[PDB]
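S.K.: Take this structure first; my questions come after.
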Amino acid sequence: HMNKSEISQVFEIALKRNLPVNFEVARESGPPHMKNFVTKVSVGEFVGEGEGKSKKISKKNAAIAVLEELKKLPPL
Amino acid sequence: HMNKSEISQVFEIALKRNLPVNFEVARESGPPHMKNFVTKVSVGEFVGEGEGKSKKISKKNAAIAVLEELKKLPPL
Amino acid sequence: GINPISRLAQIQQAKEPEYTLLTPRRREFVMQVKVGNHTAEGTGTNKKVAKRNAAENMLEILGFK
RNA sequence: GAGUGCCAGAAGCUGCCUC
RNA sequence: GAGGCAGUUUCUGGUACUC
């Protein structure tokens, strides 16, 4: 029915592998009516970063960027 | 485009009339399998209770109880 | 490998952690941890990251990550 | 009229744990 | 079936800063 948010995917892949996870908002830019956010996230050794007009968005784009670099590890 | 829940409603009414709100779960009662939750809420001088087989249910009912009394007031 | 605040909950099940909330142009939240043995603090831009920092600061005082 | 942050609340969905 | 923690989508109320 409803698809999984990339953020949620990341969180569960990392539980399956006991990798430490840490999303953080790097910084904010622009005036208040045109802010631009950036979130950098580490999944153990892998990293992604995203940008967006809101914190939600930038976080998602960061999750995406890491999912690309987590598709290379071996399965169970 | 979803409906307003009775629980959500109380908060809006109370905020307009500057009245304190507190939902609290009174207790769980009954045998381990038939446990029933009772929660009561206090909106100032008004009070209502509610009961349900889940917390969220009983909270909803408690909200319904006070909501009837808050229809007995002047809409000035 | 779990999320920091569930790990505290599922790490004190050997012997239930307790939280409370404390008091600029960039205002902040500060939340405390009470596990009996010691007490930790944590700050963030919203309530949500203030309770994840408060957790991962008591998993650091117990020596897990 | 608009944007973003923050607080509260509700419904849905996912994951893990306990009974 | 019930409870807890987390994640997330949508919606509601309020508020702050800015255009």
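Residues in the structure tokens are numbered from 1 in each chain, the chains being A, B, ... in the order shown, and ligands are numbered from 1 in the order shown.
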Quick one: residues within 12 Å of residue 2 (chain D), only C-alpha atoms (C1' of nucleotides) counted, chain neighbours fewer than 3 positions away excluded, as a ChimeraX atom specification?
M.R.: /A:33-34 /E:18-19
S.K.: Could you write out as a tab-separated table (two decimals) with C-alpha atoms, in the first residue's frame the residues of chain A within 7 Å of chain C, counting only C-alpha atoms?
M.R.:
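Now in part.tsv:
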chain	number	residue	atom	x	y	z
A	14	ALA	CA	21.60	-0.66	9.90
A	15	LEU	CA	19.85	-2.68	12.61
A	18	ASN	CA	24.73	-3.46	13.96
A	19	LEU	CA	26.11	-0.43	12.10
A	20	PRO	CA	26.01	2.88	14.02
A	21	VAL	CA	23.70	5.50	12.51
S.K.: Just need the residues of chain D within 12 Å of chain A, counting only C-alpha atoms (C1' of nucleotides), so spit them out as a PyMOL selection string.
M.R.: chain D and resi 2-5+12-16
S.K.: Keeping only C-alpha atoms (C1' of nucleotides), take the residues you just selected and write them out as a PDB file, in the first residue's frame.
M.R.:
ATOM      1  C1'   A D   2       3.791  33.008   1.084  1.00  0.00           C
ATOM      2  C1'   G D   3       8.197  30.304   3.244  1.00  0.00           C
ATOM      3  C1'   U D   4      10.742  27.951   7.149  1.00  0.00           C
ATOM      4  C1'   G D   5      11.575  26.672  12.298  1.00  0.00           C
ATOM      5  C1'   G D  12      -2.250   5.642   8.833  1.00  0.00           C
ATOM      6  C1'   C D  13       2.032   2.657   7.628  1.00  0.00           C
ATOM      7  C1'   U D  14       7.245   0.204   8.905  1.00  0.00           C
ATOM      8  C1'   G D  15      10.916  -1.700  12.150  1.00  0.00           C
ATOM      9  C1'   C D  16      12.574  -3.713  16.861  1.00  0.00           C
TER      10        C D  16
END
S.K.: Report the closest atom pair, with its distance in Å rounded to one decimal, for each residue of chain E that has an atom no farther than 12 Å from chain C; count only C-alpha atoms (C1' of nucleotides), sort by chain and then rising residue number, and write it as JSON lines.
M.R.:
{"residue": "E:4", "atom": "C1'", "partner": "C:9", "partner_atom": "CA", "distance": 9.4}
{"residue": "E:5", "atom": "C1'", "partner": "C:6", "partner_atom": "CA", "distance": 5.2}
{"residue": "E:6", "atom": "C1'", "partner": "C:3", "partner_atom": "CA", "distance": 6.9}
{"residue": "E:7", "atom": "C1'", "partner": "C:3", "partner_atom": "CA", "distance": 9.7}
{"residue": "E:16", "atom": "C1'", "partner": "C:25", "partner_atom": "CA", "distance": 10.4}
{"residue": "E:17", "atom": "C1'", "partner": "C:25", "partner_atom": "CA", "distance": 9.1}
S.K.: So that I can check the surroundings of residue 10 (chain A), please list as a list in words every protein, DNA and RNA residue that reaches within 8 Å of it, counting only C-alpha atoms (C1' of nucleotides) and ignoring chain neighbours fewer than 3 positions away.
M.R.: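 After dropping sequence-adjacent residues, the list is residues 6, 7, 13, 14, 63, 66 and 67 of chain A.
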S.K.: Would you return as a PyMOL selection string the members of region 20-70 of chain B that DSSP assigns to helix (DSSP H, G or I) on this structure's backbone?
M.R.: chain B and resi 55-69
S.K.: Using only C-alpha atoms (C1' of nucleotides), which protein or nucleic acid residues come within 12 Å of residue 50 (chain B)? Drop anything in the same chain fewer than 4 positions from it, and give the result as a VMD selection string.
M.R.: chain B and resid 7 23 to 27 36 to 42 54 to 67
S.K.: How far is it from CA of residue 33 (chain C) to CA of residue 19 (chain C), in Å with one decimal?
M.R.: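 So the answer is 4.9 Å.
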S.K.: Give as a PDB file with N, CA, C and O atoms (P, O5', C5', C4', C3', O3' and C1' of nucleotides), in the first residue's frame every residue of chain E that touches chain B within 8 Å, counting only C-alpha atoms (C1' of nucleotides).
M.R.:
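iface-v9.pdb, written as the output of this step:
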ATOM      1  P     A E   2      -5.238  -4.320  20.418  1.00  0.00           P
ATOM      2  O5'   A E   2      -4.438  -4.127  21.777  1.00  0.00           O
ATOM      3  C5'   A E   2      -5.132  -4.049  23.009  1.00  0.00           C
ATOM      4  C4'   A E   2      -4.192  -4.216  24.170  1.00  0.00           C
ATOM      5  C3'   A E   2      -2.987  -3.295  24.175  1.00  0.00           C
ATOM      6  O3'   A E   2      -3.286  -1.972  24.581  1.00  0.00           O
ATOM      7  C1'   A E   2      -2.278  -5.481  24.637  1.00  0.00           C
ATOM      8  P     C E  11      -1.162  17.251   3.794  1.00  0.00           P
ATOM      9  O5'   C E  11      -2.176  17.383   5.017  1.00  0.00           O
ATOM     10  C5'   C E  11      -3.570  17.212   4.813  1.00  0.00           C
ATOM     11  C4'   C E  11      -4.324  17.042   6.110  1.00  0.00           C
ATOM     12  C3'   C E  11      -4.320  18.222   7.068  1.00  0.00           C
ATOM     13  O3'   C E  11      -5.195  19.269   6.686  1.00  0.00           O
ATOM     14  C1'   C E  11      -3.944  16.232   8.277  1.00  0.00           C
ATOM     15  P     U E  12      -4.927  20.764   7.214  1.00  0.00           P
ATOM     16  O5'   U E  12      -5.274  20.693   8.767  1.00  0.00           O
ATOM     17  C5'   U E  12      -6.596  20.419   9.201  1.00  0.00           C
ATOM     18  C4'   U E  12      -6.724  20.476  10.704  1.00  0.00           C
ATOM     19  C3'   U E  12      -6.212  21.737  11.379  1.00  0.00           C
ATOM     20  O3'   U E  12      -7.122  22.819  11.294  1.00  0.00           O
ATOM     21  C1'   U E  12      -5.438  19.845  12.561  1.00  0.00           C
ATOM     22  P     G E  13      -6.575  24.328  11.284  1.00  0.00           P
ATOM     23  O5'   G E  13      -6.126  24.581  12.789  1.00  0.00           O
ATOM     24  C5'   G E  13      -7.084  24.614  13.833  1.00  0.00           C
ATOM     25  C4'   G E  13      -6.428  24.614  15.189  1.00  0.00           C
ATOM     26  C3'   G E  13      -5.454  25.747  15.454  1.00  0.00           C
ATOM     27  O3'   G E  13      -6.089  26.978  15.755  1.00  0.00           O
ATOM     28  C1'   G E  13      -4.499  23.720  16.170  1.00  0.00           C
TER      29        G E  13
END
S.K.: Work out how far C1' of residue 9 (chain E) is from CA of residue 47 (chain C), in Å to one decimal.
M.R.: 20.4 Å
S.K.: Looking only at the backbone, which of the residues in chain C does DSSP tag as strand (DSSP E), as a ChimeraX atom specification?
M.R.: /C:18-22,29-34,39-40,43-44
S.K.: For those residues, write C-alpha atoms to a file as a compact mmCIF listing (two decimals), in the first residue's frame.
M.R.:
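Saved to result23.txt:
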# COMPACT_ATOMS: atom_id res chain seq x y z
CA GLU C 18 13.80 8.22 33.35
CA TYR C 19 13.74 11.58 31.54
CA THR C 20 12.94 15.16 32.52
CA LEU C 21 13.08 18.51 30.75
CA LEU C 22 15.13 21.56 31.76
CA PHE C 29 16.10 22.42 24.39
CA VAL C 30 17.90 20.43 27.10
CA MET C 31 16.77 17.02 28.39
CA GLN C 32 18.21 14.90 31.20
CA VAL C 33 18.61 11.16 31.77
CA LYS C 34 18.11 9.39 35.12
CA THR C 39 22.69 11.47 35.24
CA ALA C 40 23.37 12.84 31.75
CA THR C 43 20.89 19.57 23.82
CA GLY C 44 19.45 20.09 20.36
S.K.: Suppose you want the space between CA of residue 64 (chain C) and CA of residue 44 (chain A); what is it in Å?
M.R.: 14.7 Å
